[PDB]
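S.K.: no sequence on this one, just coordinates:
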Ligand code: HEM
């Protein structure tokens, strides 16, 4: 069967379609008009975008398809290196890090991070408790402060102290600026790109300089903490028997911050947006938080008892998965969906927001925010809900992100009533991840002691 394809621009094929502020949202609108699969060509490049559960279930077959590094993540690799996210599955350091790091990211390993997550969540609550009557909350901005600080604390026992400042830590500043440059190179040898190829190097330096010092500092001290750095400095891969070397440990810490901060911040921001736009759902979630969070400080077990809050987060991830696409390649020649022959090496993109709007899986009301869709998670078919990727290349931080977001949203709902005082119109800014730009609320304290 012949594959649909969106509009072309002569010798540029489809490439100008992504020369836009909102490429994923453009790709979603194309999927709306062309259907479950469409070909996307560029000068010397071909990929196929998948939007249906019927095809994505095959793409998630790890015997047939492996993770591909997209063009963007090849540029990210210039400072993320061969950390988990930007390494190929067949690279020795991927499987080593995967085996060493998976125990540090278990649902059960969250018990050790809980106290430091509470540390940063308390700072967030206290900041909002301390706002004056006339004042409002910049939601993604504060969620990003929380998630970056939480990864820094739980990751390598480092305090970015984001709630003490307006201009971020020089590391954070230079990371985002480096991520920006990596993104900008998507639409670009020529000597006009000489200053862009000089500033990139400076941002890589500050990130490398500080994390390497931290690792050197910890090796010299020999101190043992509850962070991922300790586990990485003492872990051994059961298969090779080898530990990670210091350079790869550096890339892993850079990777935790790239991979975790924007997605989790976006999730919290989208979750609060849907709550203020659905007051009946907010009330049901607030009643749960009040019922369950009976102590001044949330316990690890209390966070696990926040069932509805977790459903709220999963429904937010259904509508706006904050890492909205992943890339695959065919391991061998194969036929997709019984009608699309693929050659070894052919690339696929999974368009996750469109998968999550497949009316054959979720029903006709896919645009509605309904947390009750997740009452029984086992009813959802295989590969129908994939906000954390697929298989052995799935998000290693899934339990970390969901524990942090359930804790923080639980505390938010316990301690404040929220007002959508501007009747905010959703505006989704796209970097490599999604976030509701300009989202803003008020929050009136329920005056509950906190500690
Ligand atoms: C709501 C929050 C998050 C979302 C939606 C998310 C999404 C994803 C997705 C879709 C992938 C697969 C990417 C691909 O196939 O190319 C991935 C991979 C990854 N994520 Fe997350 N992520 C989140 C939070 C986090 C956090 C908190 C961490 C903490 C370090 C993290 C670390 C990673 C790593 C290391 C990988 C690569 C894993 C591997 O291939 O071995 N993520 N993430």
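M.R.: Yep, that arrived. Numbers count the residues shown, from 1 in each chain.
S.K.: Can you tell me the element the closest residue to residue 238 other than its chain neighbours falls in?
M.R.: Spatial nearest neighbour of residue 238, chain neighbours left out: residue 99 (6.0 Å); criterion: Cβ to Cβ, 6 or more residues apart in numbering. (C-beta placed from N, C-alpha, C; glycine too.) Using DSSP states H and E, residue 99 maps to helix 92-101.
S.K.: any idea how far the ligand is from the residue at minimal distance from the centre of the chain?
M.R.: The residue lying closest to the centre of the chain (Cα atoms, centre = their mean) is residue 263, at 2.8 Å. As judged by Cβ to the nearest ligand atom, to the nearest Å, residue 263 and the ligand stand 3 Å apart.
S.K.: Any part of stretch 22-36 near the ligand?
M.R.: No - remark: stretch 22-36 sits outside contact range of the ligand, by Cβ under 6 Å from any ligand atom, the gap being at least 12.6 Å.
S.K.: Which positions within that stretch qualify as buried?
M.R.: 23-24, 26-28, 30-31, 34, 36 (16 or more other Cβ atoms under 10 Å).
S.K.: ok, the nearest residue to residue 300 once chain neighbours are set aside - contacts?
M.R.: Once flanking residues are discounted, residue 300 sits nearest to residue 114: 4.4 Å by Cβ to Cβ, 6+ apart. Contacts for residue 114 were tallied using Cβ atoms under 8 Å, 6 or more residues apart in numbering; they are 299-300, 303, 403, 407.
S.K.: The ligand: which of the residues you listed is nearest?
M.R.: residue 403 (9.3 Å; Cβ to the nearest ligand atom).
S.K.: Next, the residue in the stretch 251-400 of the chain positioned nearest to the ligand: phi, psi?
M.R.: Of all residues in the stretch 251-400 of the chain, residue 397 sits closest to the ligand, at 2.3 Å by Cβ to the nearest ligand atom. Torsion angles at residue 397 (phi, psi; degrees, to the nearest 10) stand at phi -90, psi 10.
S.K.: Contacts only, for the nearest residue to it once chain neighbours are set aside.
M.R.: What sits nearest to residue 397 in space, not counting adjacent residues and going by Cβ to Cβ, 6+ apart, is residue 260, at 5.3 Å. By Cβ under 8 Å, 6+ apart, the contact set of residue 260 is 147, 151, 397, 400-401.
S.K.: One more: residue 395?
M.R.: By Cβ under 8 Å, 6+ apart, the contact set of residue 395 is 259, 323, 388-389, 401.
S.K.: So it belongs to a helix, correct?
M.R.: No - with DSSP: H, G, I helix; E, B strand; the rest coil as the criterion, residue 395 is coil rather than part of a helix.
S.K.: Look up how far residue 176 lies from it.
M.R.: 20 Å (Cβ to Cβ, to the nearest Å).
S.K.: got a list of contacts for stretch 42-53?
M.R.: Under Cβ under 8 Å, 6+ apart, the answer for stretch 42-53 is 3, 11-15, 27, 30-31, 35-40, 56, 59, 71, 327, 340, 346-351, 354-355, 358, 360-361, 381, 383-384.
S.K.: So for it, what gets flagged as buried?
M.R.: 47-53.
S.K.: Can you list the buried residues in whichever strand or helix holds residue 267?
M.R.: Per DSSP H and E, residue 267 falls inside helix 246-277. Within helix 246-277, the residues that count as buried by 16+ other Cβ under 10 Å are 248-276.
S.K.: now swap in stretch 291-308 and tell me
M.R.: 292-293, 298, 300, 302-303, 305-306, 308.
S.K.: first to last residue in that stretch, what's the distance?
M.R.: The first residue of stretch 291-308 is 12 Å away from its last residue (Cα to Cα, to the nearest Å).
S.K.: measure residue 331 to residue 67 for me?
M.R.: 11 Å.
S.K.: who's more crowded, those two?
M.R.: Neighbours were counted for residue 331 and for residue 67 using other Cβ atoms under 10 Å; residue 67 has more, 22 against 15.
S.K.: contacting residues for the more buried one?
M.R.: 88-89, 326-329, 393.
S.K.: Kindly recompute the last result at 7 Å.
M.R.: 89, 328, 393 (Cβ atoms under 7 Å, 6 or more residues apart in numbering).
S.K.: how far away is the second one from residue 69?
M.R.: Using Cβ to Cβ, residue 328 is found at 11 Å from residue 69.
S.K.: Looking at those two, which has the bigger crowd around it?
M.R.: Between residue 328 and residue 69, counted using other Cβ under 10 Å, residue 328 has the larger neighbour count: 26 against 16.
S.K.: Do a quick rundown of the strands in this structure.
M.R.: Using DSSP state E, the strands of the chain run over 37-42, 45-50, 65-67, 137-138, 325-330, 334-336, 340-342, 347-351, 416-417, 428-430, 434-436, 440-441, 444-445.
S.K.: partners of the fifth one in the sheet?
M.R.: According to DSSP bridges, the neighbouring strands of strand 325-330, each with its direction, are strand 65-67 (antiparallel), strand 347-351 (antiparallel).
S.K.: Okay, buried residues for stretch 405-423 please.
M.R.: Neighbour-count burial for stretch 405-423 [16+ other Cβ under 10 Å]: 405-416, 418, 420.
S.K.: again but with stretch 158-166, I slipped
M.R.: 158, 160, 162.
S.K.: from those, which is closest to the ligand?
M.R.: residue 158 (14.0 Å).
S.K.: Please name the residues that touch the closest residue to that closest one other than its chain neighbours.
M.R.: Once flanking residues are discounted, residue 158 sits nearest to residue 152: 4.5 Å by Cβ to Cβ, 6+ apart. Residues in contact with residue 152 (Cβ under 7 Å, 6+ apart) are 158-160.
S.K.: Kindly report the same for residue 130.
M.R.: By Cβ under 7 Å, 6+ apart, residue 130 has no neighbours at all.
S.K.: Dihedrals phi and psi, it?
M.R.: Torsion angles, degrees, to the nearest 10, at residue 130: phi -100, psi 0.
S.K.: Check the gap between it and the ligand for me.
M.R.: With Cβ to the nearest ligand atom as the criterion, residue 130 and the ligand are 27 Å apart.
S.K.: how many neighbours does residue 197 have?
M.R.: Neighbours around residue 197, by other Cβ under 10 Å: 11.
S.K.: Could you do residue 59 as well?
M.R.: 22.
S.K.: what do you get for residue 15?
M.R.: 17.
S.K.: From here on, call the first residue 5.
M.R.: Got it, first residue is 5 now, which makes that one residue 19.
S.K.: mind listing what it touches?
M.R.: 46-47.
S.K.: Identify the residue nearest the residue in the stretch 105-254 of the chain that the ligand sits nearest to in space, chain neighbours excluded?
M.R.: Closest to the ligand within the stretch 105-254 of the chain is residue 155: 6.3 Å, counting by Cβ to the nearest ligand atom. Nearest non-adjacent residue to residue 155, counting by Cβ to Cβ, 6+ apart: residue 264, 5.0 Å away.
S.K.: ditto for residue 288
M.R.: residue 312 (6.0 Å).
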